[PDB]
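If you want the building blocks of each chain, they are given just below.
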Amino acid sequence: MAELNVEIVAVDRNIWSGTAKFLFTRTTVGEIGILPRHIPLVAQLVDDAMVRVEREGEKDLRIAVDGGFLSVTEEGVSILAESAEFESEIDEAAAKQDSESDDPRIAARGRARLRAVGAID
């Protein structure tokens, strides 16, 4: 039971920065879950959006990053994404445009976005 400060930086500006319980992202190593009180580490994303929760089995910050740098630190995790997006940009509208797969990043992120939106199953 502990809160870990997290921050997500975009290409033109910042997305969100505060405190969260844990998050589930994907890097070169694959799916990774950052839990409270954990050693720091760096890893590059795979353009598969970003899923972070500010609480255990409750909060669910819907984020969609594309090819960024993940830096987990106790001082306040940092995620420099090239094209991040808030949960507000997770509506079926965006899920459709991206679903079309009109790009390499949009395609991979498209499937990742749909899943987070509750597409699968």
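All residue numbers refer to a per-chain count from 1 along the written sequence rather than necessarily to the numbering of the entry. Residues that lack coordinates are not shown. As a rule here, side-chain values come from all non-hydrogen atoms in the structure, and water together with hydrogens is ignored.

Structure determination for this PDB entry was carried out by solution NMR, as recorded in the header.

Where the PDB entry is consulted, the chain appears under the name ATP synthase epsilon chain, with the organism given as Mycobacterium tuberculosis. The record for the entry shows the title "NMR solution structure of subunit epsilon of the Mycobacterium tuberculosis F-ATP synthase". UniProt positions are given in the numbering used here, feature names are shortened, and annotations may be inferred rather than shown by experiment. We quote the UniProt Function comment for the chain here in full: "Produces ATP from ADP in the presence of a proton gradient across the membrane." In its Subunit section, the UniProt record describing the chain reads: "F-type ATPases have 2 components, CF(1) - the catalytic core - and CF(0) - the membrane proton channel. CF(1) has five subunits: alpha(3), beta(3), gamma(1), delta(1), epsilon(1). CF(0) has three main subunits: a, b and c."

**Q** Is there a simple way to explain the side chain of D47 in this structure?
**A** Considering the arrangement of structural elements, one finds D47 in the loop between strand 5 (41-44) and strand 6 (50-53). Although buried, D47 forms no salt bridge, and the nearest oppositely charged side chain, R105, lies 4.8 Å from it. The term polar contact refers here to a pair of N or O atoms within 3.5 Å; inside protein, the definition further demands a hydrogen-donor-capable atom paired with an acceptor-capable atom, and it admits residues adjacent in sequence only when both atoms are side-chain atoms. Of note is the side chain of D47, whose polar atom sits 2.8 Å from the backbone nitrogen of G67. A run of DSSP states H or I qualifies as a helix once it reaches four residues; a run of E qualifies as a strand once it reaches two. Both are numbered from the N-terminal end. Note on exposure labels: buried denotes an accessible area under 20% of the residue type's maximum, exposed denotes more than 50%, and partly exposed covers the range between, all computed with a 1.4 Å probe on protein chains only. Under the convention used here, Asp and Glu are negative, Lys and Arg are positive, and both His and the chain ends fall outside the count. Any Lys or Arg side-chain nitrogen located within 4 Å of an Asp or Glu carboxyl oxygen qualifies as a salt bridge.

**Q** Is there a simple way to explain the nonpolar core in this structure?
**A** Soluble, globular proteins show a tendency: their nonpolar side chains are buried together. Among the nonpolar cores identified, the biggest contains 19 residues, and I8, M50, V65, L70 and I79 are the most heavily contacted of them. Within the residue set of this core, elements represented by two or more residues are strand 1 (4-9), strand 2 (14-20), strand 4 (30-34), strand 7 (61-63), strand 8 (68-72) and strand 9 (77-81). We call two residues contacting when some pair of their heavy atoms lies within 4.5 Å. Here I8 is in contact with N14, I15, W16, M50, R52, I63, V65 and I79, once residues within four sequence places are set aside. We define a nonpolar core as any set of buried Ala, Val, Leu, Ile, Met, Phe, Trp, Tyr and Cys residues linked to one another through side-chain atoms lying within 4.5 Å.

**Q** Would you mind going over the pattern of salt bridges with me for this structure?
**A** Side chains that carry opposite charge are capable of pairing whenever their charged atoms lie near each other. Tallied over the full model, the rule gives 7 salt bridges. Residue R26 pairs with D48 through a salt bridge whose shortest N-O separation is 3.3 Å. Pair noted here: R26 is in strand 3 (residues 22-27) and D48 is in the loop between strand 5 and strand 6, with a separation of 22 residues, a long-range link. With relative accessibility at 40%, the residue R26 sits in the partly exposed group. The shortest N-O distance in the salt bridge between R62 and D60 comes to 3.6 Å. On the accessibility criterion, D60 (42% relative accessible area) is partly exposed. When salt bridges with common partners are traced through the structure, they connect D66, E85, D98, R109 and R113 into a single cluster.

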